[PDB]
Q: 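Have a look at this one.
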Amino acid sequence: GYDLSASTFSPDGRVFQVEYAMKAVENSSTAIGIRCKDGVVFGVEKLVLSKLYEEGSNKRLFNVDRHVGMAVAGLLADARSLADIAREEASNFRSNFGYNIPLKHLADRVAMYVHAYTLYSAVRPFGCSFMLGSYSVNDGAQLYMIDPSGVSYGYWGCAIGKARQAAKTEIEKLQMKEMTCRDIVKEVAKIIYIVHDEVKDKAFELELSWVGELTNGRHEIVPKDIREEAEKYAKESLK
Amino acid sequence: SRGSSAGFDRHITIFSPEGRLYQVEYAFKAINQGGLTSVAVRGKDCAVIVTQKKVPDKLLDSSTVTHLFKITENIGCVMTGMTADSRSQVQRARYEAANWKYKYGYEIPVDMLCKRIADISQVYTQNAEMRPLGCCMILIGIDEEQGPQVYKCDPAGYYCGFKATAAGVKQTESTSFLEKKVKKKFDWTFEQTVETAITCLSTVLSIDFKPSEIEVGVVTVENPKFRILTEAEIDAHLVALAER
Amino acid sequence: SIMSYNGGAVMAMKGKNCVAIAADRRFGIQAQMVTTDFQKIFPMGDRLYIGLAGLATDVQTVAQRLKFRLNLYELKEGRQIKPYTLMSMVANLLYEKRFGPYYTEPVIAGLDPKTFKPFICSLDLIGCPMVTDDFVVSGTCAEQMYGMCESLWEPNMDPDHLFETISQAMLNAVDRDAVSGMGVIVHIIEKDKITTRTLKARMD
Amino acid sequence: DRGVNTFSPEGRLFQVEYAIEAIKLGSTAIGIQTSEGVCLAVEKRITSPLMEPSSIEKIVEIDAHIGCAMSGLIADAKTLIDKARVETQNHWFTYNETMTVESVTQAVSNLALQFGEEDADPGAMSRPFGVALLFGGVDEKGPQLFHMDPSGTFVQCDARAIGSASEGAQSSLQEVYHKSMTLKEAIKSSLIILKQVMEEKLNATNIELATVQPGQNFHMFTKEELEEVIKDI
Amino acid sequence: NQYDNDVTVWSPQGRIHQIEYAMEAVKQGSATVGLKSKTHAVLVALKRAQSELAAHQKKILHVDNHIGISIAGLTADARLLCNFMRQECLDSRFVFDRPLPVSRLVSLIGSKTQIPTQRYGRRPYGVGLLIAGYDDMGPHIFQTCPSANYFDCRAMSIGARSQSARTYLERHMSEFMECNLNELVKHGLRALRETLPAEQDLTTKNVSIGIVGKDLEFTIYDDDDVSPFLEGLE
Amino acid sequence: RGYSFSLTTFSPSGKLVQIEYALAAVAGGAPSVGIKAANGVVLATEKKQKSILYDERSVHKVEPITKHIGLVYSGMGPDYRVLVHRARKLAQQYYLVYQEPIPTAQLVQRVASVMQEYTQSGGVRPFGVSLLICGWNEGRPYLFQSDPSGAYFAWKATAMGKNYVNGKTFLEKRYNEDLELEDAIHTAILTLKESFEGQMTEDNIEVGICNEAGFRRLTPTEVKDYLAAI
Amino acid sequence: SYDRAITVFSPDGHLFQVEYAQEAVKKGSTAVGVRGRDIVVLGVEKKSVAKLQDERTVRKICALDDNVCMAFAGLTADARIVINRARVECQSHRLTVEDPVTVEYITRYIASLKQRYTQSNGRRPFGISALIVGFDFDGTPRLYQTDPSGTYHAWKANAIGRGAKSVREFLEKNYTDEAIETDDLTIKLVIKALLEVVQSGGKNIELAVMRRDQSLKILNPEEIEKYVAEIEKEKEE
Amino acid sequence: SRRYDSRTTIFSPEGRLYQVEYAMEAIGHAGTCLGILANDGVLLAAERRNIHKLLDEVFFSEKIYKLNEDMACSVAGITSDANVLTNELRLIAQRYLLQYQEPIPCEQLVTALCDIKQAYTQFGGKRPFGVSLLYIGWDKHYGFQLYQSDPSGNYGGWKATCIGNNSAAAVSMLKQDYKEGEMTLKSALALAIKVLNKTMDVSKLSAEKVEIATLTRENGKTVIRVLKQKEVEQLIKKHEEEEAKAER
Ligand SMILES: [K+]
Ligand SMILES: [Mg+2]
Ligand SMILES: [Mg+2]
């Protein structure tokens, strides 16, 4: 049996353990990122598995540096561990080189860590995909996505999780290059409400964060009142 | 014998009864999973790498989709195969070159860098606990005595220098095209090196490219720094090919 | 000084198709003689000897560790070690302790095991080798030895004349050194035989 | 074939469940806690008249105030016992006081799941311990009996049996035990029960008994003192 | 099958059977309940006794003055994890002279228990916790799992037949934030009582209670000390 | 953390199959030839030169170890490169201690011992190569083979890789004790022609020679000259 | 280094490696011990004879210290390792205590060595049992036995190796105050026990004795066949 | 990784060590090798497997190794494994000489190596060494000696013995012709050629095909010599002349 170890190729040159980890991401609820003129916005479909949980709990949006947000899908303990790696990488960068780590470089570094877990019988691949977003005057808005294989690319728009494709097709309708973060939040909320399967899994919380000119390059949760208006816009647009 | 198997000879890098390493052979199949082909040619004056640039998704930042990599200022590289494996091999190459320079006080030769990467890959063919990298590396640079250089190494730890070569899905077809084109040429060398490379790629895929569907990297005797052509520079070569 | 704690002297000398090596016989601790038959010259071969002066414990340790290494060499290789090759082996063993050296400064005398060409050398305590075509000296009366050897040694000496020369160089040298002497031993090494003599010598 | 730290579908470690099955191969031991002290009694299980019965030690002194009875794979018990001994002396060294029975049992029980085969030192435990233990002693909480098994679970017990005939012996203990019972009654009761459950006829050489009491240190019964209690039974 | 023995082997469904099996260890422990108000966090546990003459297993453990835990699953893993928690709390008071915030301690658990889920020949922790605490952000109830995942809770129950407790807690949770302490523990006990076979009742031998809050350091009530709480389930 | 168990073990019949299977890799390798003349040694090998696109001079199979010792192989090239590197390093380690060039037999022993390690040590397979090692010391030429087990043998002449059995009987009926080096180069090339297929150029065979002056590869223009008679 | 668990529990609570080590012991040459009054004796089977063997080089009775010796049954390579570890330990003890080891001390040391190799990564158990004999400083004679599991016990007399079961049955019926009143009868008791299983009597019983203080006598084949004929003519009567 | 570990150092259900047994099969196929003890010396006699016409003949023997001044050995099994072990023997012998300034006694050298072999069967998950060795020597404790060790790390001392191809048969012939306490080196040599003549049944016996080494004492010094071919031929002839007398 050829699918038991990341140190074994199948006879067609696949590494099935990495594909199986990808499957864990594709079973997760959907997260999206959108880059626009003046920043990056994140949204997550947060499925509510019990009414006993606090509204807030199981965050899937993290600060990995003051200027960098992380949005995750898949196995959450793996994702949280990856957020700690990312944090350590940004922290060490600042200590050694003296300035905020460039998003692209952070993405490349964390991606190579993810990649190292796809070569060996000794460890398994991470069961998570994640997006990283930032903004600065010099570098502009940046949005990267890393998968369990360790491949990293930059995006205008991105979706991960089970309604990935449905989300992409809605994201393609936006002229995001020309829009602002304050506009894009409403659309992120809208797209999450479209791809949510309200018949199969019942109740959900929307989680929103952003980083842009309007936060002075700091990654921050979207304020309560703005989220609620974006929800209201999304709900009524569904109609 | 002929496809025979005993024990774990299809799961780890131990010998089969013919003396084969199935896991290495499967690493070569992994190169093709990416769906791309790359070509590289050398002339007296320059060396060039051309590869397919496939951006299906309108939502990718296409500036970040590349298989061309600077190793040092003077050494360029094209990667074919599994992407994250490739990145890892690029990092290692950069690390080896920087290291060489620090210890010995001169730039690593292209042949030595290729050999070093091939020697590292060989280790994964002999030690059971890790798989080979499912990728192939082609390196270009100017050597002070020998002129422009193209080198390639693979997941078996073989490496070689070339007059021209290729990697990926259409490697054999590209090899054939390049062979028939060199036999014609007196002193067995190419001249119009960028055009040959693109034309090889265009034929074996049957595409006729837009400037945004390929990437091109060059080193020249007069300008040895590795350079990546812009869309416009690429377009000029595409337009110049069309007009005969 | 550490090198004078036990005292002692060795030298080697070249002749036509022959070599000599000689040593004092005292083992003492500062002023006190303990013994008068202490060995300082060791065979490393049929026609190859090493003499060590210095701290007596290290004379013994170096000779023993060297013999270990030599015995393995000869089992593994075809053959008997060449003089030049024993010098390099010793150099290597001494320089391994560059930062906490053995307190011994050897001389080597022999004939090539195939050609029978005469060889002599000495090494400092961290293994700097020094080959000469005449003589080498090592020990607490090196200045005395140099004076005797520079004045007596001549080229191409037959075994009898070499014996008289090395003997007179040792005797008269050590008689000007308080912590060397109490006897002298001399080996003359030829193609076909080793001749070993103790000399009539002062015992004060 | 699978690793020593593999969970079963029911959420148990295979190796620990299998180690517990090895306890059922051991000789029966019994402990009873009374307000006047605790007693420990154990079937020796003599396999030849040529064997010296006194060289089968299955009750051991931990400290002056604590004894331990064992059942299962007896060779596995040696590291555990030595650990209890070292730990009580360390505690005395550091705090100048006797360690509680509960604390000793805890310390020993924290070794139970410390086995594995890729985390640990060049020589750590490769499998769990095939042994169950009764720690019986007296501390400032009064007389006390605790039971420990290879899972690292430990608990206080008013009376307990372990080994081959523990179901059986445990039922008989529920019938006779009461909180006001005297130590001498508890000693008789446990000799009566070992008598029922033992395959060989009980006598003064093929069992051991020990006590610990508020007034008095750990005490192994002599042949002569055993014979006295055996008369009524 | 070939996929269920190693924590490093993903199944073709994107699952890790070893982690799921470790979760079964917690489903089979006896039930415990956690709940909070504006001012207090409470834990309530059912203790199981192997026989009539055995003590009744400890389920509630002190971590620091402001944190306690209730356990379900392998006790040896519970103690190991509890000792890690204690150490992190000591370290934080040693370094900063102030209590470790509860959410930070929980993160440390997540990070620590995730590690063996990704290394060959290691195993998950077979224990689930309910964690009660009080810090500058008020009372907390967290839940931790063998998957290394954790949850911030208004209230929670884990262990055998804990679904009944969860259903009771949902039914009454809108009352919890405004409850006085006596009311809140009563709620916890009623939830726990729903886990019991109709024959059996809560007693002083089977109930253990843990309480922390604004006025009060983490305090465990066992045996005679639980009686005041059981009187007035009327 | 590494696989600490052996990957080569004894079968019921007392065979170490992973070593045999290494030998089978060697048997499917490109032909190699070694001849000991009276006054020197020749090593020669076929360059499996597919495509005219290969730069023939870019990598070599016949390699210098020291001024006086050289190597060729049959089998897996990348495995060979490991051994070239180790051999070179062993030669220098010896030279630093003894200040004398390593005797060929001493070099072979040390290299064979490394080959043995890979038949027993944890988590590795044996090398899929046999080496032929030529040298000159004590005023006399040496030719050795070292196989995947780490066993070594001294030869007057031999062949390895594809068609070696025939190569060996061709040499049996052609070598003598009093043979010169220039004649030995001729007969080495002839032995390769016996299993070639394709027409020989100076660019698809590689020849190395060893004598009193030292070890070197023949240049393309030298090999051409020996091929003008073939 | 090799971190594999080799000895693991099976369903039902067996340690199979340990059981298989015990199978090694049961194919070993028979070895017998008896604790006398003022003497202790050990004797052991053939094994296969062989005229061309140097007898000295393959003895199975071995001094550990002046006042403690042992015999073994099972894998002889394993035995030699255990024996030298015990010899090291006897000197280690004497160092840190200035008394010789008690026989129980060194027995307990050997057994805990053997137990460790059933519970440590990368190692199989020792394929041997040992009978260990000697005297304590107070003159009490001692016979102990250890097996691969690390269990140990004291015996009045005992056998191990192939056909231990029938030799133990013989000793059970034949060990009495009469059979150990003197040294000669004690020695004879061991020889009758062996001659029962020993295929071509005899010939092939190596034998050895330890008297209070006097240190280890082994017997020569001239001093053996004296006892053999002195018992063989008695069983006719 | 558990899946791939062939588990070389565990027991089988009958208390057996399979890898040890299997290594013993490898040895049974290797070149025959005998040793014979006499009153004035000891010999090794071995079949050569390096016999192809084009081999170069560079060392003084093929399978006879000098260990120190007073000792030598021969081997049967995997040659490369034998090179590791003979190298280690030399090292052990020099360590003992360093420490004590006298030669290692023969039995102590054998025992030291055997403990290494034993270790390979009990821990580390490696394959054992596929070698059996015959050791000849002299020491001041027991004089002339002959020892045999095998892959289990077991050994014994012998008056005469055989390992390798047709062992059983060779030990049968030695049991009958060997005179305990009355052999000379001259008679043991004749016996060795007699036994090699029987046990090389593929085919007719020759000097190019065997190696003999003798170990004697002369002038308080041990002498170890590999017989030149002229002596081996002369011995073969004497055995052939003796078989002509075999009837009348
Ligand atoms: K591999
Ligand atoms: Mg003087
Ligand atoms: Mg004086």
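The analysis underlying the following values was restricted to heavy atoms, covering all of them including side chains, and did not include hydrogens, waters or symmetry mates. In each ligand, atom 1 is the first atom listed, and ligand 1 is the first ligand listed. Quick note on labels: first sequence line is chain A, next is B, and so on, each numbered from 1.
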Q: Compute whether any side-chain donor of one residue and acceptor of the other, for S130(F) and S74(F), lie under 3.5 angstrom apart.
A: no
Q: Can you name the N/O/S atom of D204(C) that is nearest the Mg ion (ligand 3)?
A: O
Q: Decide, counting backbone as well as side-chain atoms, whether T13(B) has an N, O or S atom less than 3.4 Å from the K ion (ligand 1).
A: yes
Q: Taking just the N, O or S atoms of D177(C), which one is nearest to the Mg ion (ligand 2)?
A: O
Q: Between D85(B) and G134(B) (side chain of the first, backbone of the second, donor and acceptor by atom type, cut-off under 3.5 Å), is there such a pair?
A: yes
Q: Only to 10 degrees, please: what angle do the O atom of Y124(B) and the O atom of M130(B) make about the K ion (ligand 1)?
A: 110°
Q: What about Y80(F) and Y73(F), are their ring centers closer than 6.0 Å?
A: yes
Q: For a distance under 3.4 Å, tell me if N127(B) has an N/O/S atom near the K ion (ligand 1).
A: yes
Q: Is it true that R86(F) and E117(F) have a side-chain N and a carboxylate O under 4.0 angstrom from each other?
A: no
Q: With rounding to 10 degrees, what does the angle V174(C):O / the Mg ion (ligand 2) / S180(C):O come to?
A: 100°
Q: Using only heavy-atom distances, determine whether the side chains of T8(F) and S6(F) contain a donor-acceptor pair under 3.5 Å.
A: no
